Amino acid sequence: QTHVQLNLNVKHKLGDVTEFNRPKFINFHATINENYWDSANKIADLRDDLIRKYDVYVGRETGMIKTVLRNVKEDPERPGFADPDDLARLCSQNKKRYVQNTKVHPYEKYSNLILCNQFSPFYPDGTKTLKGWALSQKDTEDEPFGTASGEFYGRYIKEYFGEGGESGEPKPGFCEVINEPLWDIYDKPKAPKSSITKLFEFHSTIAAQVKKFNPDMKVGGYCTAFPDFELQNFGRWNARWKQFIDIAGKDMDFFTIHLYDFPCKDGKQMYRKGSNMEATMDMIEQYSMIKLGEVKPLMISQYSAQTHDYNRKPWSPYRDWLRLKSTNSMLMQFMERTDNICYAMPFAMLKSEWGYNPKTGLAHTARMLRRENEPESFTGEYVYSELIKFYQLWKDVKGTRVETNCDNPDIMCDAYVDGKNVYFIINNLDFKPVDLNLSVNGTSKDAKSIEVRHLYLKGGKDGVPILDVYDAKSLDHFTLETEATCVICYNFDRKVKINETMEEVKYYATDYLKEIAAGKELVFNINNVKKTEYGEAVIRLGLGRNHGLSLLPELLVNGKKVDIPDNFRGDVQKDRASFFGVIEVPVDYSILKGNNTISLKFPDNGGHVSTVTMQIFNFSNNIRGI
C-alpha cells in the first residue's frame, strides 16, 4: 500500500504563495461574451450554471483579433501596414457591441483575458489578408521585422479595449505574441523551414510595439506547440528555447508553452505528465537563471491531451476521459510551481460550432458542450460533455495550502484548508489501481463529515468516465483507480488551526546541460542554500538518455553517498524515442550545507544531464518529532 499523509496544521509556503489560486487554475479557453452561451443550450442561463455555480474562470481568445486583421484595409501611405483609421473603425464597432451586451458585464469578475494572434496572417511571410495585402516583411534599421504586425497588435489593443462594462471590454491581463509559430514555420507538413531565430527577434519587436501603444501590457512568448528539448541530442533545445531566451528573454514579461500528452498516437502512449514535463519546466527555469539571472513567470495557455487516434471519430465519453486524466495530472504538477506559474489553462472550449465540418460530420475535439444526439448526429440542443466532470471534481476547492506526503512517486498529493473545510487531492500517474492508507495529522478532532469525489474510467478502452461522490463515516483506506483523481472533502465542527509553516525554496545550479561519458565525474554546484534546524530536501536530476542507458548514476553530495530510487515520477517512457525526465532523489538534510557539490558518475556513455536543481523544505519547528 501507499501511505498518504495530510498534515493539516502545517502551511506549505512557496515564495509568497500560500493559497490555491482558482482563477489561475480552474478555468477554460472561453470568454464571457462569445455568442455560444446564448443559444441552442438545454440550460437557459448557462453562464450562471458553469461560471457562477461551479466558480470557473476565463479565458483566452484569438478569433476576434484575427477577423479584424483579415478584414482591415491597408494604410494608403504605408504599404504593408493596417490603416489606422479603418482599424479604429472595426475596433469601435466591436467595442459598441460589447458595451451594448449588458448581460455579460456582471461576469467580468470571472475574466482575465489571454490575448494571442493565430499564426496567419499575423506572421509576415507574405500571406495576404481577405483585402489582398500582406503585412510588411521589411527588416531594416528603422523598420525591424514585425514592425507592422506589432503596430497592428498595439493599435488593436488600444482601440478595442476599455475599462469594463459600458466603457468597453477590460484590457487583457496577458498578450502572447503568436500561437505555435514553429509548428507553422518549421515542423508541420510542407513547412517552409524559414529562419527560427528570426521568429525570436520578431517577439522583441512585437513587445516593443505593443508597449509603445499600451505601456503597462505584459507580453510573452513563444507559445510553443511541442517543447521537446531532448530531440536531436539536445540540438532542439539549443536551436529553439536556448536561442529564444538568449535573443528575446529579456524583453518578455512571461514565457508561454503548450503541454500535451499523447495517449494514442498510432497506438503509442507518449506522456508528458510525470517526470518528462518536470524536466521541460526545470530546463526553462535553470537556463533562465544562468542567462537572464531570474526565473520568468510561466504560462501554459493550452494543456491536456491530444488524442490522435480519436480525432477523426465523433465525440465520445472515452475521448473526454483521455483529456480529463491528462488535465488532472498536469494541474497537480503546475500547482507544485505556483510561485512561477502565472496561468495554466486546460484546452477546453465552450462550443466551437465553427469547428464542426459538415463534409465529414466531425465536431471540435475539446468542447464543454456537445449536442444531445452526438455521436450519432450533430443535432439536438447542447448539453455538457464529460469535461464538466473536471469542474465538478474541483468544485469548492480553495484555501491555505498545507503539507502532504505520499511515499510513492507515482502518487501526487496536495491539500488546501478553507476555514472548516479541508480538500485533500490525490492523483495517480500509475496504470493500475493503487491502494492508499490515509493519515490525517494535526488536529485532535475528527471530521464531522467526509465527502469523497473519485474520477475514473469504467469499462476500459472506449468506456465512460465516472464521478463518484459519496459521504463516508471514515476513510482510513481508499483504492485510487488507474490514472484517477480523488478530492476528499473533510468538514470540521470549527475552523482548522494552522500553527506551523513548511517553507519550500528551490535552488538552481551554476551550470547545466553536460554530456555523459562512462566513469567521468560530472560536478554541479548549488550555492547560497538557506538551512534551518529542521528540514527535508529533494535533489532533482534531469536526465536525457537513450533507452538502455543507466538512470542510476553514483551520486555524491558534499562527498557523501546518496542512493537514487528505482522508482521516479510517472512512466518509463517506453514508446518515447528516448528517456527525458527528472529523477527526484530524497537527500538527508544533515548532508546539505550552504554551498553544495553534487557529483554524478554513470557506468555508460551517452546522453546528458540536462539540469540539477534542489528543493529545500524548511520547518518552523520539529514537526516530524525527530
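Throughout, we count residues from 1 along the sequence that is shown.
As listed in the deposited structure, the average C-alpha B-factor of 148-156 and of 449-457 is greater for 449-457. Per the PDB record, of the two stretches 27-35 and 591-599, 591-599 carries the greater mean B-factor over its C-alpha atoms. Note on the listed residues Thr307, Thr197, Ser474, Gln209: the highest Cα temperature factor in the record is that of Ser474. Between the residues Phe334, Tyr508, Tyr222, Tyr470, it is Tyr470 that shows the highest Cα B-factor in the PDB record.
Split the chain's modelled residues into thirds by C-alpha temperature factor. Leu182 is in the lowest one.
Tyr423: CA B factor lies in the middle third for its chain, per the PDB record. In the deposited entry, the Cα temperature factor of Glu500 sits in the top third of values across the chain's modelled residues. In the deposited entry, the Cα temperature factor of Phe431 sits in the top third of values across the chain's modelled residues. Ranked by Cα temperature factor within the chain, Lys242 sits in the lowest third according to the deposited record.
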